[PDB]
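Worksheet: one structure, shown below.
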Amino acid sequence: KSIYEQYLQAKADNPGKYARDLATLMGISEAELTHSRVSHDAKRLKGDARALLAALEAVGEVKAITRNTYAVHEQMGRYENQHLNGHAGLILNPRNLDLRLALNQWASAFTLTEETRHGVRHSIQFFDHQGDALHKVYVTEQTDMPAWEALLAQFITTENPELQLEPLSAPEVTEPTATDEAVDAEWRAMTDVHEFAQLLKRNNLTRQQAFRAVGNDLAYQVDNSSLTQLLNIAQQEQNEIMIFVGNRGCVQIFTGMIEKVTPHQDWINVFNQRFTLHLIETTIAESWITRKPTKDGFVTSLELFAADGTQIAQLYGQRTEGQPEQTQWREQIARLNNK
């Protein structure tokens with residue numbers, strides 16, 4: 001009868017399924033599922049994700065989890081070097097917790113205390129106005145428990161009002177305005193990778209339309225098995241790469257070396273001491289190599305797309321401002337099979 005009771009049933013009937021997939025089966029958002037777990041193993045937290053994020057600085061090392069349908073990014077680190085604003089904010093800690101955030105998308109927050117076989121798990125979970133997961137923070141061995149308890153004591157509220165869910169506000173524009181040769185020209189004139197965003201906006205283009213518009217020297221397709229090849233090559237050579245995984249409200253950035261790559265069924269997995277990637281390899285519909293110009297030379301990336309055009313993940317070589325990308329990265333990309 002009750003949504004919680006439905007949840008208990010779905011969990012019993014699907015012992016292999018995470019909160020997210022149990023919500024789908026149940027036909028609700030993950031946020032609304034969490035709302036039903038209040039008074040059981042969850043509590044509502046006082047709004048303003050900016051206030052919760054700022055406060056998380058006090059708790060030291062935690063595990064941050066960001067995902068989309070196709071890719072899960074889990075990263076050890078700390079909520080420091082914060083620059084928070086509504087449209088664009090950052091948690092800037094290269095090789096640790098590196099987030100780009102659109103806080104205007106952050107709507108609700110809950111805390112979970114759940115006993116499991118492995119042991120008690122404590123987490124803070126942020127949801128968007130569609131009730132989808134934006135960001136989760138899990139307590140770890142090094143977490144400052146006094147600070148975490150004082151945070152929860154500050155932010156927990158008795159009032160758990162119904163989630164104000166907002167209808168989808170996807171791009172849904174299409175209508176490419178400018179010409180192919182003009183897009184190719186604008187791309188070759190870029191001095192920084194951040195201009196590429198403004199290029200797509202200015203020319204009312206999707207990334208995959210921009211990628212098809214330009215010359216095969218700037219953007220070309222490679223096999224969808226390309227992600228697994230790169231991961232294994234980086235793992236053998238121990239060079240530093242970047243992995244981006246994003247949703248509508250949060251992008252999480254890994255920088256570091258790949259310690260181990262393990263396939264499992266349809267998943268491709270990276271298991272590091274401080275980072276985990278889970279990606280559904282079989283949902284990669286399009287794999288693009290792009291070369292975008294900067295002051296410091298060309299930056300080469302592998303960009304992965306699902307059949308509906310969802311951005312699974314992007315890979316780059318490690319690079320600081322004023323430094324080129326490594327040749328090693330380019331030579332790894334060069335070993336990937338074109339189409």
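Basis: the model, the stated rules and, where named, an outside source; no laboratory instrument gave them. As a convention, Cβ positions derive from the backbone with ideal geometry for all residues, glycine included, and neighbour counts pool all protein chains shown.
Looking only at residues that are in contact with a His (Cβ under 6 Å, 6 or more places away or on another chain) and not hydroxyl-bearing (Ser, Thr, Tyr) in segment 112-161, which one is farthest from residue 63 (Cα to Cα)? Walk me through it before giving the result.
Restricting attention to segment 112-161, the residues satisfying the condition of being in contact with a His (Cβ under 6 Å, 6 or more places away or on another chain) are 113, 126, 139.
Filter once more, keeping what is not hydroxyl-bearing (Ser, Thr, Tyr): 126, 139.
Numbers: 126: 14, 139: 7 Å.
It comes out as 126.
Give me a count of the residues in segment 185-201 that are acidic (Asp, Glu) and out of contact with any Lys or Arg (no Cβ under 8 Å at 6 or more places or on another chain). Talk me through it step by step, then tell me what you get.
The first filter runs over segment 185-201 and keeps only residues acidic (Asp, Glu), leaving 186, 192, 195.
From the residues that got through so far, the ones that are out of contact with any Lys or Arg (no Cβ under 8 Å at 6 or more places or on another chain) too are 195.
Going through segment 185-201 one residue at a time, the tally reaches 1.
Checked across segment 88-96, the condition of being out of contact with any helix residue (DSSP H, G or I) (no Cβ under 6 Å at 6 or more places or on another chain), more than 19 Å from residue 55 (Cβ to Cβ) and of a type in the set (A, V, I, L, M, F, W, C) holds for at least one residue. If the requirement is being in contact (Cβ under 8 Å) with a residue 40 or more places away in the chain, more than 22 Å from residue 312 (Cβ to Cβ), in contact with a strand residue (DSSP E or B) (Cβ under 9 Å, 6 or more places away or on another chain) and surrounded by 15 or more Cβ atoms within 10 Å (Cβ to Cβ), which of these qualifies: 43, 63? From the options 43, 63, the qualifying one is 43. Scanning segment 207-222 for residues that are within 15 Å of residue 314 (Cα to Cα) and either polar (S, T, N, Q) or touching a helix residue (DSSP H, G or I) at 6+ places or on another chain (Cβ under 6 Å) (or both) yields a count of 3. Pairs are defined by a Cβ separation below 6 Å, a sequence spacing of at least 6 or placement on different chains, a first member in segment 274-301 that is touching a residue at least 12 places away in the same chain (Cβ under 8 Å) and more than 29 Å from residue 263 (Cβ to Cβ), and a second member that is of a type in the set (A, V, I, L, M) and assigned to a strand (DSSP E or B); the pairs so defined are 292/299. Each residue in segment 152-164 was checked for being surrounded by fewer than 10 Cβ atoms within 10 Å (Cβ to Cβ), polar (S, T, N, Q) and outside any loop (DSSP other than H, G, I, E, B), and 0 pass.
When the residues of segment 112-144 are narrowed to those that are among the hydroxyl-bearing types (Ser, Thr, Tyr) and in contact (Cβ under 8 Å) with a residue 40 or more places away in the chain, which ends up farthest from residue 76 (Cα to Cα)? The selected residue is 113.
Do we have any residue at all in segment 268-285 that's assigned to a helix (DSSP H, G or I), of a type in the set (S, T, N, Q) and more than 30 Å from residue 85 (Cβ to Cβ)? Walk me through how you get there before you give the answer.
Filtering segment 268-285 for residues assigned to a helix (DSSP H, G or I) gives 281-283.
Those left that are additionally of a type in the set (S, T, N, Q): 282-283.
Those still in the list that are more than 30 Å from residue 85 (Cβ to Cβ) too: 282-283.
Yes, that holds for at least one residue.
Based on this model, can you work out whether residue 109 counts as of a type in the set (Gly, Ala, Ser), crowded, with 19+ Cβ neighbours inside 10 Å and either under 18 Å from residue 151 (Cβ atoms) or without any contact (Cβ under 8 Å) to a residue 40 or more places away in the chain (or both)? Yes.
Being assigned to a loop (DSSP other than H, G, I, E, B), assigned by CATH to the domain that holds residue 322 and not hydrophobic (A, V, I, L, M, F, W, C): is that true of residue 140 here?
Details: assigned to a loop (DSSP other than H, G, I, E, B): yes; assigned by CATH to the domain that holds residue 322: no; not hydrophobic (A, V, I, L, M, F, W, C): yes.
Judged against the criteria, residue 140 is not a match.
Could you tell me which residue of segment 1-40 is surrounded by the most Cβ atoms within 10 Å (Cβ to Cβ), considering only residues that are closer than 21 Å to residue 134 by Cβ and among the charged types (D, E, K, R)? In this case the residue turns out to be 30.
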